[PDB]
2 protein chains.
Amino acid sequence: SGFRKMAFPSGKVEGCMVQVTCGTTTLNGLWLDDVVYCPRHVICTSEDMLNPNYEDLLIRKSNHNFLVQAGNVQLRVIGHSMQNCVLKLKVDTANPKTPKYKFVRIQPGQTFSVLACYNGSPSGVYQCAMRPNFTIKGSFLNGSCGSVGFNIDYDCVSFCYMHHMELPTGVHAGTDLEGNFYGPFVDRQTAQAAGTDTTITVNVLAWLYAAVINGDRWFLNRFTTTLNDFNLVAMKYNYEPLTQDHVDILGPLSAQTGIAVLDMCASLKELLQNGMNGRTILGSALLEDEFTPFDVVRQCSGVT
Amino acid sequence: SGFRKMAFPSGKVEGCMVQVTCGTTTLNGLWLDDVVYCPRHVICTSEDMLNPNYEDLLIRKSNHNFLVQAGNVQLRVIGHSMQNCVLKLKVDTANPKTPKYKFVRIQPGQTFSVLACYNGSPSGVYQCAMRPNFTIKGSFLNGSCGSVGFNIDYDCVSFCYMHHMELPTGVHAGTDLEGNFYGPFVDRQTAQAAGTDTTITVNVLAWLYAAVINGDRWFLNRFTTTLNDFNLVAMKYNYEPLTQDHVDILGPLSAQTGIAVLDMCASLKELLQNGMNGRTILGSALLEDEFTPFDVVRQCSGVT
Ligand SMILES: CS(=O)(=O)NCC[C@@H]1CCCCN1CC(=O)Nc1cccnc1
Ligand SMILES: CS(=O)(=O)NCC[C@@H]1CCCCN1CC(=O)Nc1cccnc1
């Protein structure tokens, strides 16, 4: 009973967080095996951030200039390299708490947990989604850079995000663990505006299935629709187009509830056109889109 | 930038979760020092749950009937006792991962993180609040009993909740770590209806301060009110009465933003009377009440 915005247990990732300092800038690093990954903007001063030339700035940096501390103990840096927008600091000690891990690059609409850190110390964990405009709506202050996003499949942590910046509008941008930004963003203090933050339709549908499974059924109507008809309405409301791949992904939820995917689309179409009328669904007055179909199945089945 | 429903990092609590089985019932236990705490209903069969006599049922149980497994290894039970609605199983091994801890009994309106577990294995973490009717709106399935709620102050985990049951309406009830239920609930499969789930006014105000700090200011109006005038409106909307103690607790948020607490009350009064008009505050279409003033300060300051 009940449906909550749930993050993965963060323990495995807490065991990887370290503090990285270069000059007067301190941010977070991810320590996996004998490598510490961190945003390359750790080498910048506030005056460098306006138009940094990372290759040039890195020439003035040596291994001993990167101070890495895990807990209250210092790690010895024996190498450093830049891969895209991340620095990889080779240390002389493999992280004894390194979990089984992968680096994955997620697609928009995919959700993940963020372990927000400051000074290499965890402050909290929350669930995010990669928006269709490649931003994330996180909760990050100065010092949170290097905090990571991840998913866990039993005992393997798939790291998908590393926090790099906040845009002037308060939304967030970062990279995968190979240092490639999600979206068109760059690690520079410049005019970077996000595109349209459309709603992740397949995720809203998954959450409507979660509401039916949990007893919230008032929005179920007597209508059906087609993908093309639904998509005409979805476009109008700034919702992402629904594809047959999304319908296939919702199949297990459709099977468990006996509600055909296109019927749920028609209910969603009426919610968009009529509004909620002061009513709530799973304690929310808006259509939640940061639960994937996989998250709904996992939460409704108790996957550990 | 940004404000998220954030849970505490769960690592310290993950190191305490064990599986407890008695007969055909398997639930979760909390292993701190050489004691495993778990709901006493682990001794019940589905036929016992209708009108259980826990003292009588416990007579038929011996130490060897409680199977405790931490990871894939079995713990030896050398004693057992019932304290209120929890069982304390003494084991021969102190939990090597026992963090610094306290057992606290929270008041309604207080928030906490829940590490939802099944078979002693963590599945997810989310943030909850003890409702004014002493229920919690969690996400718990069969097997989640024994999952705990907690707060962390630097390195000391204060355990405040242990999950025991779901009411027929899908809301949740549990105890503190001394086995005393929050509210009038009992660990019996019987007619237990919750009282009015009023809104935690002081928490809504704290979240409105968080919205102002994060740029969402559209709801700020040109009015002020008094505690008595505000409370007349609060009663009408099923909001908890606001006291001078709550005003004092909001003082740091009032100071940081320069918005007098009573002025924020007047903004909240207008939001109640006029509604949101299709607008959102911190990405929500309803007034969020599961952030305490302390949570707002902690998140807005980056406490680790
Ligand atoms: C906001 S801006 O005028 O576009 N300049 C961004 C500043 C630089 C641009 C280059 C990379 C470092 N940031 C710092 C940064 O974004 N820190 C931060 C703070 C809060 C939340 N998240 C991260
Ligand atoms: C729902 S009732 O008809 O009031 N009976 C409650 C059953 C017994 C009553 C006595 C204690 C054990 N529960 C089982 C229980 O609530 N399990 C569960 C399941 C999902 C979420 N959370 C917990």
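Note: hydrogens, waters and symmetry copies are ignored here, and every other heavy atom, side chains too, is used. Residue numbering restarts at 1 for every chain, and letters A, B, ... go by the order of the sequence lines. Read the numbers this way: they start at 1 and go in the same order the structure lists the ligands and their atoms.
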Taking the side chain as every heavy atom from C-beta outward, state whether [X] and [Y] have any atom pair closer than 4.5 Å.
{"X": "B/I106", "Y": "B/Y182", "answer": "yes"}
{"X": "B/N214", "Y": "B/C300", "answer": "yes"}
{"X": "B/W218", "Y": "B/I281", "answer": "yes"}

Measure the distance from [atom] to every protein heavy atom, then report the residue, atom name and distance (to 0.1 Å) of the closest one.
{"atom": "atom 10 (C) of ligand 2", "value": "B/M49 CE, 3.0 Å"}
{"atom": "atom 5 (N) of ligand 2", "value": "B/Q189 CG, 3.1 Å"}
{"atom": "atom 21 (C) of ligand 1", "value": "A/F140 O, 3.0 Å"}

Determine, considering heavy atoms only, which of [options] sits nearest to [atom].
{"atom": "atom 4 (O) of ligand 2", "options": "B/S147, B/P168, B/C44", "result": "B/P168"}
{"atom": "atom 18 (C) of ligand 2", "options": "B/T190, B/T169, B/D187, B/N142", "result": "B/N142"}
{"atom": "atom 12 (C) of ligand 1", "options": "A/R40, A/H41, A/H163", "result": "A/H41"}

Inset, instruction - Compute the centroid of each ring, for B/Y37 and then for B/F159, and state whether the two points are separated by less than 6.0 Å. - result: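 No, ring centres 6.0 Å or more apart.
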Legend entry - Part of B/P39 with heavy atoms under 4.0 Å of ligand 2, whether side chain, backbone, both or neither: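 The answer is neither; B/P39 stays 4.0 Å or more away.
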Inset, instruction - Check B/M165 against ligand 2 and report side chain, backbone, both or neither, counting heavy atoms closer than 4.0 Å. - result: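 Both backbone and side chain.
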Legend entry - Region of A/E166 engaging ligand 1 - heavy atom pairs below 4.0 Å: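 Near ligand 1, A/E166 shows its backbone as well as its side chain.
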If we ignore angles and hydrogens, is there a donor and acceptor under 3.5 Å between the side chains of [X] and [Y]?
{"X": "A/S147", "Y": "A/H163", "result": "no"}
{"X": "B/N119", "Y": "B/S121", "result": "no"}
{"X": "B/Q83", "Y": "B/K88", "result": "yes"}

Inset, instruction - State whether any protein heavy atom lies less than 4.0 Å from atom 14 (C) of ligand 1. - result: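 Under the 4.0 Å cut-off, atom 14 (C) of ligand 1 has no protein heavy-atom neighbours at all.
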